[PDB]
Amino acid sequence: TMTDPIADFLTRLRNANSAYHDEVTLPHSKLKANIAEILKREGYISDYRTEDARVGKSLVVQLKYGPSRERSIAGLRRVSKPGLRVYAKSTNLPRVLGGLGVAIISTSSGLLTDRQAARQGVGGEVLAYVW
Amino acid sequence: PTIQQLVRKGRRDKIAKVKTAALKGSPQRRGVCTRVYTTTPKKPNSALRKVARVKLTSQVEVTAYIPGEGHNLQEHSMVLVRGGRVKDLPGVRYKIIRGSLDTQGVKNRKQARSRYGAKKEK
Amino acid sequence: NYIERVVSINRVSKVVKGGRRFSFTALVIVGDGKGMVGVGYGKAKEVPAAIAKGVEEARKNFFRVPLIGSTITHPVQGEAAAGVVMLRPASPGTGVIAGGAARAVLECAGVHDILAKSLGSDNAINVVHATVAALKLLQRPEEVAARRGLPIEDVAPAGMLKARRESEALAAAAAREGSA
Amino acid sequence: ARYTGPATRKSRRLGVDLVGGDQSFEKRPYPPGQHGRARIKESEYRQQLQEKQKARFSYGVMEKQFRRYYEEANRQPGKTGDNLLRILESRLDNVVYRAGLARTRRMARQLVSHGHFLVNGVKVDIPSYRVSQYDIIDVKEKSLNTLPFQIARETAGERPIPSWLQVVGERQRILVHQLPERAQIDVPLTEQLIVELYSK
Amino acid sequence: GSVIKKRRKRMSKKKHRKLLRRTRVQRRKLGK
RNA sequence: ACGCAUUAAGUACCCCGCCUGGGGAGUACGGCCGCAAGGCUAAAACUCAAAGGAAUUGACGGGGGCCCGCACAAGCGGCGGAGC
RNA sequence: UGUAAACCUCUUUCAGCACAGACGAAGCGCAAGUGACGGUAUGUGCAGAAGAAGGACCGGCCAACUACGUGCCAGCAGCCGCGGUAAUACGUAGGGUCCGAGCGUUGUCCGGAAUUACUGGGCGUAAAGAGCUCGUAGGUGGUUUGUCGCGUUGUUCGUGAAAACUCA
RNA sequence: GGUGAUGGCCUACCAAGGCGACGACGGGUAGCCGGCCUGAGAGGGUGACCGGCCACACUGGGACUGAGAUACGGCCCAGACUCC
């Protein structure tokens, strides 16, 4: 069957970047919606939208590619997989690339980027490193 | 390997082969030799190296090489043995440290005296 | 005034029905000591000849590096054909920690305080190529802010910006003592 | 165990003025011996060795005690090379040499060895004492009638006094105000290679 | 893949099996 | 590297099996099963400083394709037979 | 060799000779006593270099080289390996590097060794996918609403003996 | 019943239950820890000194006194070992 939705999401983004496709369509979820909102805020994607399909809803993402076809995203990889659930005390909020990359923490306040998560002081589960 | 496998079986380490069995946690041992003689190493190194067949006090018989070029050593001699690997010989592992209880220091050796047990020139 | 290196001298030989027609190689890594870095792989019967081939090669084939006073921005993983390296930034006062190859690379580039570590394929050829892959992979915060449309504030931390303006004022005063 | 060999020897070996008045150095900068003309192999290791070699032979200390000072230096919160150098310059004998009462580094070592100073009310025959800020180094009582030192205090026109020293004493009373810093020191080889060696 | 490896394997197996033929008897009539 | 490349050896997670230098040895001892043949689990002493994978140049081939030389075939006179 | 040598000088540490001489005791005791360490540590004065340096290595790894004697030998070796009279790799000469009151060897443990790879590895041919399936225990799990706060996460008290480690 | 106290800690009686693949039952080794060594870090090794607990006092058991006893320089018994 399938088991890992977040990894499916990230892999498919990686794949569409790999192919230099312009848009992607996925099945829809509230977690995925928060993810696309956060990524829009941080500036990787241009803009998403929630469309529909035969029985279920759907997310549609529109990527971002530099002017000379410079991909906006180097790579990406999930951290907290099923099996090893990778939690964090706020003392060790993992930075990325001197701090230049981005984490995506899920916390009491919802889905917090690494910086805001540190400022608020609280933290919790990890989902991904991004850069 | 999934973490479930790691949990359920483990990570079985290697073990490094502990060399120098006869000494048994000793740096040196005390020896009373059986035979003192000479034997030739492998085909390229054509020579005739000087060896003894010692009964240490770990109760293990061992072939052991004799450095330098001189020996007052024959049967029954009371000597002291230490560790060191000779390339040339098949299973030789132990050397006799010169200047301990029978082994008289080689003569006119004046460079590198600490290892061969030689007093300094006056 | 360009620093030049020798981190590889191997004695190769084609074989003809007669015998062994010997030969030499050389791997040269050039850098002015300021960030300009290039690599040649010369070869001939004469070691001067091979090394000079590699010299002109690297004089052509330079390459620009994200340097900071004396350290790069951030860590990266450089994987090559067979070699792997883990470049990681140091704090000023560290030294150019590497072996022979990557050390020569980063001393040509003048990075005085940085780390690496060889994780496989110890041969200097592919050590160097993984090193160079890492250096090409280094991305500048200016570039990142530019591409994702957010300022260097939202895109980069505070300690780096401290060091940026610090080394910038140091470089301005350096030029003002040099020329002016 | 203080060194004893010729100052000319290491000088001809590595090729630096450290003594100053070495006409044999000027005459024969090449290394000495039977292969004194012969050629030497280059590397990273040889350079990093030569660094500390020159430094610790300049100042008299030994390898292991230099390593102790190094452990303190990288134990500091500052940075290893230059704070090591500040530590290393904080010595008593080197301070008085740069004050210029003494001719040779050996001579400053010997002066502090023989107890010819008198520091804040205690005899200090300590050739490695560490002098922090605001240390009132007076000199002892019998210091007057040392004849070559009389000539020293009278016509001490040798190598100048640096910035962080001064004498405000008719009795040749030398005082610390600040500590040495590398921008103003300007001494031979810098200690980055030393750091890289000791953290090899 | 080369074949020297499998040759050495084959050799070991043959020789042990031949030994077991020549000792087919005594093992049976000893292991009681 | 050979080569895989929507029937992936790439892209990521889930589960499992499995490996940690070669040889000794998948052997010995002990056990389980087996009518027997024998299968499975499965070491050590001791020893070697390598065993090995992919590709290149050369040579070689009682593998091949294309060719030349009194190389053979044809025609002659000899050696090996005796004397010196 | 080598500024080394003497020899013109200077201070003499540290040892040595002799006198002075301790805090440790707001203590104890109601008694004139109370220091094993201890007449040392510490001083103060006298004579004068007078009483003082050795060890391992040198082809590269690993900074430092040449000559002499033997020449398949005796012998060295941590690895490559060195040696069949012309050795910078054997013993010795001079010389030089390293360290220094220690210097080398030995024995074990960690690292290097991403060489049991949670951080941090692999299985087409290099060692490695059970001969293939069903399936128990177990591990893992689609979308959404509501809920408990068990995990997880935040702070505070309690606790983490002292000694340790590190900063001042 | 028993001890300062809960308690198969012991006693006669009722049921037959319990433990185990998350390793019982066995074997080998070994005192534990604050700590010490190494390491970038994790982690690995390890338990000199000092400090805190456990156990031991020729071998094997038992009880006494007593607030409290493995009662080292106490008792009793059986051994083994040395002396009169």
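Rule-based calculations on the coordinates, nothing more; no lab input. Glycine gets a Cβ as well: all are built from the backbone with ideal geometry, and neighbour counts include every protein chain shown.
Among the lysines, which fall within straight-line cross-link reach of residue C:117, defined as a Cα-Cα distance under 22 Å, with same-chain neighbours fewer than 8 residues apart omitted?
Partners within reach: C:136, D:200.
Give me the net charge of residue D:81's neighbourhood, meaning all other residues with Cβ under 12 Å from the Cβ of residue D:81; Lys, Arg count +1, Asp, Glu -1. Intermediate values should be presented prior to the final figure.
Details: positive: D:52, D:79, D:86, D:182; negative: C:113, D:51, D:82, D:191, D:196.
Neighbourhood net charge equals -1.
What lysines does residue A:32 reach when the alpha-carbon gap must be under 22 Å and sequence neighbours fewer than 8 apart in one chain are set aside?
In chain and number order, the partners are A:40, A:57, A:64, A:81.
What number comes out for the charge environment of residue D:109, summing +1 per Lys or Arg and -1 per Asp or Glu over other residues with Cβ under 11 Å away? Each step should come with its number before you reach the end.
Working: positive: D:2, D:91, D:105, D:106; negative: D:93.
Charge balance near residue D:109 sits at +3.
Going by amide H atoms built from the backbone, whose H comes under 5 Å of the H on residue A:124, apart from near neighbours?
Answer set, sorted by chain and number: A:88.
Where in region B:75-92 does the amide nitrogen come within less than 14 Å of the point 7 Å from the Cα of residue B:42, taken along Cα to Cβ?
Flagged as within label range: B:86-92.
What is the set of long-range amide H partners of residue C:41 at a cut-off below 5 Å, with H atoms built 1.01 Å from backbone N?
For residue C:41, the qualifying residues are C:28.
Can you give me the relative contact order of chain D as a percent, contacts being Cα pairs under 8 Å and 6 or more apart?
Relative CO of chain D lands at 21 percent.
Using a simple charge model, +1 on the beta-carbon of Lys and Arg, -1 on the beta-carbon of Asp and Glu, nothing else, what dipole does chain D show about its Cα centre, in debye to the nearest 20?
840
Using the Karplus curve 6.51 cos²θ - 1.76 cosθ + 1.60 with θ = phi - 60°, work out ³J(HN,Hα) for each residue of region D:82-92 in order, rounded to whole Hz, and write x for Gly and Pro.
After applying 6.51 cos²θ - 1.76 cosθ + 1.60, I find 6, 6, 3, 5, 5, 3, 5, 7, 5, 4, 5 Hz.
Loop only per DSSP, at most 12 neighbouring Cβ atoms within 10 Å: give me the GluC sites (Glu not before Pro) in region D:110-200, ordered by residue number. It would help to have the intermediate numbers written out before the result.
On the way: sites: D:141, D:154, D:158, D:170, D:181, D:191, D:196; in loops: D:141, D:158, D:170, D:181, D:191.
Hits after loop and neighbour filter: D:141, D:170.
Tell me the net charge near residue C:41. Cut-off is 9 Å between Cβ atoms, residue C:41 excluded, with +1 for each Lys or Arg and -1 for each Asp or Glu.
Value of the local net charge: +1.
Give D:54/D:140; B:95/B:120; B:9/E:18 a once-over and call out the pairs whose C-alpha atoms are over 27 Å from each other. Walk me through the intermediate numbers first.
Details: D:54/D:140 33 Å; B:95/B:120 23 Å; B:9/E:18 39 Å.
Violating the 27 Å Cα-Cα cut-off are D:54/D:140; B:9/E:18.
Given the peptides D:86-93, A:86-93, E:7-14, arrange them by the average over their residues of other C-beta atoms within 10 Å, most packed first. Each step should come with its number before you reach the end.
On the way: D:86-93: 20.2, A:86-93: 12.4, E:7-14: 10.1.
Top to bottom by mean Cβ count within 10 Å: D:86-93, A:86-93, E:7-14.
Please get the size of the charge dipole for region D:21-102, origin at its Cα centre, with Cβ charges of +1 on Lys and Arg and -1 on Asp and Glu, quoted in debye to the nearest 20.
Approximately 220 debye in magnitude.
Return the long-range amide H neighbours of residue B:83 (sequence gap of 5 or more, or a different chain), with a cut-off of under 5 Å between placed amide H atoms.
The answer is B:95.
Among A:20-32, B:93-105, D:56-68, how do they line up by average Cβ neighbours within 10 Å per residue, starting with the highest?
By packing density, highest mean first, the sequence is B:93-105, D:56-68, A:20-32.
Would you kindly derive the ³J(HN,Hα) couplings of region B:29-42 from the backbone phi angles with the Karplus curve 6.51 cos²θ - 1.76 cosθ + 1.60 (θ = phi - 60°), listing them in order in whole Hz, with x for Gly and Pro?
Per-residue couplings from phi come out as 9, 9, x, 10, 7, 9, 10, 10, 6, 9, 8, 9, x, 5 Hz.
Which listed residue (D:57, D:146, D:121) has the Cα farthest towards the positive end of the charge dipole for chain D, taking +1 on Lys and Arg C-beta and -1 on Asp and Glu C-beta about the Cα centre?
D:57
Of C:96, C:16, C:121, whose Cα points farthest to the positive end of the dipole of region C:1-140 (charges on the beta-carbon: +1 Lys, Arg; -1 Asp, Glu; origin at the Cα centre)?
C:16
Whole Å is fine, so just give me how far the alpha carbon centre of region B:20-40 lies from that of region D:24-59.
46
Along region C:131-141, what does the Karplus equation 6.51 cos²θ - 1.76 cosθ + 1.60 (θ = phi - 60°) give for ³J(HN,Hα), rounded to whole Hz, x for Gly and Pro?
4, 5, 4, 4, 5, 5, 6, 4, 10, 8, x
Determine the relative contact order of region A:1-73: mean sequence separation of Cα pairs under 8 Å and six or more apart, normalised by residue count, in whole percent. Show your work: numbers first, answer last.
Working: 85 pairs, mean separation 21.9, N = 73.
Contact order relative to length: 30 percent.
Treating the beta-carbon of each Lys and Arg as +1 and of each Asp and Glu as -1, no other charges, what is the dipole magnitude of chain C about its Cα centre, to the nearest 20 debye? All intermediate terms of the calculation are to be shown ahead of the outcome.
Working: 24 positive and 16 negative charges, 192 e Å.
That gives a dipole near 920 debye.
Before anything else, pin down the relative contact order of region A:74-131: Cα pairs under 8 Å, at least 6 apart, normalised by residue count, whole percent.
47
For helix C:158-178, report the angle its Cα long axis makes with the longest principal axis of the Cα atoms of chain C; keep it between 0 and 90° and round to the nearest 10°.
With both axes taken from Cα atoms, the answer is about 80 degrees.
Please give the helix D:63-75 orientation as an angle from the longest Cα principal axis of chain D, in degrees from 0 to 90, rounded to the nearest 10.
80
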